Each structure stands twice: as C-alpha cells, then as structure tokens.
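K.L.:
no FASTA, just this:
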C-alpha cells in the first residue's frame, strides 16, 4: 500500500491538512475538494512535515482550476473543483 501523511492549517493560514493521502498529487486535488482548502478560508503554502521527507507546495481552494500534473486517473484538477496551484513538491520515497 502507499500512503503519505502531510500537515498544514487552512483558514487563510496555510491549508488544512492533517492526515495521510494514498497519492501525493492525485489526492492533492481530491483532498482540497473536501478538507485541504475551505475556500471561504483557505491559503497557499508549502504543505510539509519535518523529521521525514514531506513537502508539497500548492494552493487549495474551491473553484475550477486546471489539473496541475496531478496524474489522477480518477479525475484531474482540470474542472470546476478545488483550485490547486502547483509548486515544487518533495516527499519521502
């Protein structure tokens, strides 16, 4: 199985995210849809975690963006959905 945990705080601060995502990019667009971006109170920042290799730089809101190299065979971010503005990401392999 493959699951990566990440930590961040929304409400216009960073981005709310404190849990594990099976896919870093594919779950990136899916995650904001529900909890990675409140939209009424979300933000853009490097969602990282120290100690281990965990760093995702993106922005998570609720609006129609473009699938930022999420490679999600289920659904990309090219659609009316949670906005996800990409930025360099680095995580534990």
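P.N.:
Nice, I can see it. Residues are numbered from 1 along each chain as shown.

K.L.:
which residue ranges form the strands in this structure?
P.N.:
4-8, 17-21, 44-49, 54-60, 63-65, 79-81, 84-91 (DSSP state E).

K.L.:
could you give me the buried positions within the last one?
P.N.:
Meaning strand 84-91. 84, 86, 89, 91 (16 or more other C-beta atoms under 10 Å). The C-beta positions use only the backbone N, C-alpha and C, and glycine is treated the same way.

K.L.:
how far out from the middle of the chain is that strand?
P.N.:
Here strand 84-91 is found 8 Å from its chain centre; the criterion is C-alpha atoms, centre = their mean, to the nearest Å.

K.L.:
sheet partners, orientation included, of that strand?
P.N.:
Applying DSSP bridges, strand 84-91 is found paired with strand 54-60 (antiparallel).

K.L.:
check the first one too.
P.N.:
Here strand 4-8 is paired, per DSSP bridges, with strand 17-21 (antiparallel).

K.L.:
which pair in the buried residues of strand 84-91 spans the largest distance?
P.N.:
Across those, the longest distance by C-beta to C-beta is 16.0 Å; it joins 84 and 91.

K.L.:
that older thread, deepest-packed of the strands of the chain, please.
P.N.:
Compared across these, strand 54-60 shows the largest average neighbour count, a mean of 22 (mean count of other C-beta atoms under 10 Å).

K.L.:
got the angle between that one and strand 44-49?
P.N.:
Strand 54-60 and strand 44-49 are oriented at 150 degrees to each other (axes from the mean of the first three to the mean of the last three C-alpha atoms, to 10 degrees).

K.L.:
which residues touch residue 83?
P.N.:
32, 37, 59, 60, 61, 62, 63, 64, 65, 77 (C-beta atoms under 8 Å, 6 or more residues apart in numbering).

K.L.:
next one: residue 48
P.N.:
Here residue 48 is in contact with 6, 7, 54, 55, 56 (criterion: C-beta under 8 Å, 6+ apart).
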